[PDB]
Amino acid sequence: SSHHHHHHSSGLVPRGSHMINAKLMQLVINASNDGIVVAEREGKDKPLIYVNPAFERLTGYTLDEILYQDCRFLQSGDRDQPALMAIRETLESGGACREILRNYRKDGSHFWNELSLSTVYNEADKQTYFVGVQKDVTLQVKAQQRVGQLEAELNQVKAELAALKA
């Protein structure tokens, strides 16, 4: 049994249009606990055109150091990171991904950054934009690193035990 309302639902009107009229989305995204950023295309680069204060606190870098350049500067030259190829493929082909990179704050310290990215085509101006949600996942990556070394060491002991038996 059910009591559903029998209305048609349209996709012609952008979802959450009341948030536009009340400027509510700008307010709450500026307040988010996660780093949130928006980029546009410019040749071989994807310069940032929006970042929120959580992203500045995350990176320690200032807004003018961040805005209007490609996010790759956070790699601080650590350009030999494997996740980069997966990120390029998503952003060039369209779609969504969640990928972890090493990044460096303004004060030199490092951290594990998890990039949750997607592309969105804008019918108005015919441009593709990109949106990213970022956060420090250092503790979670260290745990995953711990499982991997624990299994490599479990197999050494197991194999040495199996050999001494046989």
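A residue's number is simply how far along the shown sequence it sits, counting from 1.
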* To do: Can you let me know which of the two, 72-80 or 92-100, has the higher average C-alpha B-factor in the entry?
  => 72-80
* To do: Averaging only over Cα atoms, indicate whether 141-149 or 12-20 has the higher B-factor in the PDB entry.
  => 141-149
* Asked: Among the chain's modelled residues, which third holds the C-alpha B-factor of residue 107?
  -> middle
* To do: Determine, from the deposited record, the chain-internal third of the Cα B-factor for residue 135: lowest, middle or highest.
  => lowest
* Structure fact -> Quick tally, chain-level thirds of C-alpha B-factors: residue 121 sits in the middle
* Quick one: classify residue 62 as lowest, middle or highest third of the chain based on its Cα B-factor. => highest
* Asked: Hey, what third does residue 43 fall into on Cα B-factor, ranked over its chain?
  -> highest
